[PDB]
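Numbered from 1 within each chain, the chains take letters A, B, ... in sequence-line order.
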Number of protein chains: 2
Amino acid sequence: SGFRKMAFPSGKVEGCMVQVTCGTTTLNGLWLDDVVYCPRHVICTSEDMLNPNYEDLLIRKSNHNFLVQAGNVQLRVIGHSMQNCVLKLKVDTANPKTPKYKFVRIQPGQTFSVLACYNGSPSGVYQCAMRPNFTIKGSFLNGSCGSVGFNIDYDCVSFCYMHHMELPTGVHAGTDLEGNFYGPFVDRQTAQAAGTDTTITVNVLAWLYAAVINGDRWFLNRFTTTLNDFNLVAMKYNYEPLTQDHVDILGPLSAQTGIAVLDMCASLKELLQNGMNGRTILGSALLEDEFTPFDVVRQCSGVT
Amino acid sequence: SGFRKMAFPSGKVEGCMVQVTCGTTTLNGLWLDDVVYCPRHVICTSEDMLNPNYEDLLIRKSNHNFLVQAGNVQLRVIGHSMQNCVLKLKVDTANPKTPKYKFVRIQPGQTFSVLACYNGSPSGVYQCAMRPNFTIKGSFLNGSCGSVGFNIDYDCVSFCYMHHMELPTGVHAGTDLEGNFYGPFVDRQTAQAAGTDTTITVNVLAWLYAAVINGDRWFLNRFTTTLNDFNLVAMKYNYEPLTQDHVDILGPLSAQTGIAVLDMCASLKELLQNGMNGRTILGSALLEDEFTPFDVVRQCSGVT
Ligand SMILES: CC1CCN(C(=O)Cn2nnc3ccccc32)CC1
Ligand SMILES: CC1CCN(C(=O)Cn2nnc3ccccc32)CC1
């Protein structure tokens, strides 16, 4: 029992972190096989970042201008290419610690762990979610760029995020490992406002099921609702509309607890309309939306 | 910017996890040098756990009765001894992945990361605190025993906790790496109630400083207080009494923000007396107490 915001063990990803320096800029790189992936803005001086023409800036850079250090040892750069907003640095040595891996572009609402790094060294690991407005609410300081987000299924690491920027609002934006930004953000030091940060309804429901499984039951009520009725309330509270796909994904949680998905939707509707009344659910005074139904199942079953 | 409940990177600890089986019981072990540490209750059958005489039960066990498997390979057990509530299994091979390490007994209020494991394999990592009643609020299922808590300072892992049990209230109890339980708990399946779970005042104040550093300032008020006046309010709200030692430890946060410790105490006093009024601080609707002043400094400075 007990339910925590748990991250994946970071060891497999720690073995991939390297430091990348170009000119006066240093950030993190991800070394997989004989390729080091990093944000293309490593070629930018602080002034370049205001209005960069990455193609033009890259022309002035040769393989020897990218300094890649793995631990206390330098990697030889034998090639470089720009794919979207990431640079791919071909090195002469395959990472001996390369785990089994995939590059995956996640959907909003999906969660992942971040290994925050500085100078190619890990500082910490935390769990977060891709918000519906394609930002993440991380913990990143200057130098954290190139830090990655990932999920792990048994022995395969699926990298889903690479950190690139902080918006003026203090929220974070980044790319998948093919260098494509999540959302409309561009790697430019220009004011970019985020859209509405709606609540991930299916995740709140999964977390309510997690709460029932762990003994927190006070919020269970005598009501039920329909998807349409629930969605009228969800719209009013800036919650994502719930679909039959979300109901299907909550099936195993509904089966384990014996609480029908629509009954849990009615509990959530009452919590939205009445608030918590100073009460808590799994040590939280607000409705938690950064646990997917898969996260709840994995944590409650002990998947390794 | 951004502030997360961050855990230490778990890689150094993942390299130490092993599976220990004795009879029909399987749990986790910590392999450091040529010694494997695990909860002594691994020698217990489910019936033994009700009223175990560990000394008598251990007599019936020989080195060959403890099966230690590291990954897919078996370690040879050449010795065994019981130290308090942990077993020390001497193996014929030193763990090649042994990091620099220390065994430390932490004080209530101190935080650490837990690498939850099942069958010697890691499932996840999360950050928690030793509660003032010497319990921890973790996420542990049957088979998680032997999972460890730790802190990391640069390259040295300080192990502070080993998981042993879940109380009937769903909270967790365990030992330091010398096998001494935190608090009054015993490794017996007998009802053991926890004492008052008071709030770690110095940690709440550190988290309020973290909130100011990250832009959340709405709770800053025009008041100040004294240690004695603040402590009258803290007693009323089941908060730990604040001492000059706590004020001293908050010094660097007070200096960075320019907000005197007693002014922050006055802000906290108003938050205790008035509540949050539906507002949030660093994405939380309650006062967070599982970040130490050292955690706030480390996260806000990017220590690797
Ligand atoms: C193109 C250019 C945009 C601006 N920028 C960043 O925002 C980098 N960054 N990322 N996370 C941060 C947290 C604190 C400070 C800076 C941070 C650099 C690259
Ligand atoms: C002496 C004897 C006491 C009872 N006991 C435990 O509580 C073990 N344990 N630890 N974490 C758990 C989470 C879920 C279920 C069981 C759990 C086994 C050892």
Side-chain angles (χ1 to χ4, degrees), chain A residues 1-15 17 113-128 136-144 152 154 166-167 169-172 214-216 275-276 278 280 283-287 290 295 298-304, chain B residues 1-15 17 113-128 136-144 152 154 166-167 169-172 214-216 275-276 278 280 283-287 290 295 298-304:
Chain A
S1 86
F3 203 77
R4 279 286 183 171
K5 185 68 69 53
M6 196 179 275
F8 287 100
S10 55
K12 285 160 188 287
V13 176
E14 294 171 56
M17 307 306 309
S113 299
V114 173
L115 181 54
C117 293
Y118 297 91
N119 300 106
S121 292
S123 52
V125 59
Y126 59 85
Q127 189 71 3
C128 72
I136 75 168
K137 289 182 158 149
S139 179
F140 293 110
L141 303 172
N142 188 49
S144 63
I152 306 174
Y154 167 45
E166 192 178 71
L167 304 184
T169 53
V171 305
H172 303 112
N214 289 280
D216 276 21
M276 320 248 309
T280 64
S284 180
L286 57 81
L287 302 176
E290 301 195 348
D295 289 340
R298 186 190 304 110
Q299 183 171 165
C300 295
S301 75
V303 169
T304 61
Chain B
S1 86
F3 203 77
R4 279 286 183 171
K5 185 68 69 53
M6 196 179 275
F8 287 100
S10 55
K12 285 160 188 287
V13 176
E14 294 171 56
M17 307 306 309
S113 299
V114 173
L115 181 54
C117 293
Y118 297 91
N119 300 106
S121 292
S123 52
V125 59
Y126 59 85
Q127 189 71 3
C128 72
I136 75 168
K137 289 182 158 149
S139 179
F140 293 110
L141 303 172
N142 188 49
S144 63
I152 306 174
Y154 167 45
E166 192 178 71
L167 304 184
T169 53
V171 305
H172 303 112
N214 289 280
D216 276 21
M276 320 248 309
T280 64
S284 180
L286 57 81
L287 302 176
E290 301 195 348
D295 289 340
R298 186 190 304 110
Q299 183 171 165
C300 295
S301 75
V303 169
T304 61

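Considering A/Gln299, A/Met6, A/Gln127 as possible partners of B/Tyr126, the one that fulfils the side-chain contact (heavy atoms from CB on, under 4.5 Å) test is A/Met6.
Of the residues considered (B/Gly138, B/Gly170, B/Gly215), B/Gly138 shows the highest number of contacts with chain A, using heavy-atom pairs under 4.5 Å. The candidate from A/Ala116, A/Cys117, A/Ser284, A/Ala285 with the greatest count of non-hydrogen atom pairs under 4.5 Å with chain B is A/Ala285.
When heavy atoms are compared at a cutoff of 4.5 Å, A/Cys300 approaches chain B solely by way of its backbone atoms N, CA, C and O. Heavy-atom distances place the backbone of A/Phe3, and not its side chain, under 4.5 Å from chain B. Heavy atoms closer than 4.5 Å to chain B are found in the backbone of A/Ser301, but not in its side chain. Contact of A/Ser113 with chain B is not made at all, since no heavy-atom distance falls under 4.5 Å. Heavy-atom distances place the side chain of B/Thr280, and not its backbone, under 4.5 Å from chain A. Of the atoms belonging to A/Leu115, it is side-chain heavy atoms, and not backbone ones, that fall under 4.5 Å from chain B.
Using a cutoff of 4.0 Å between basic side-chain nitrogens and carboxylate oxygens, A/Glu290 and B/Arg4 are scored as salt-bridged.
Looking only at distances, a side-chain donor or acceptor of A/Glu166 sits under 3.5 Å from a matching main-chain atom of B/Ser1.
With sequence neighbours excluded, the residues that form a side chain to side chain donor-acceptor pair (under 3.5 Å) with A/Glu14 are A/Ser10. The salt bridge (charged side-chain N to carboxylate O under 4.0 Å, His left out) check on B/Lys12 picks up nothing, with sequence neighbours excluded.
The shortest non-hydrogen separation linking B/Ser123 to A/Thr304 is CB-CG2, 4.0 Å.
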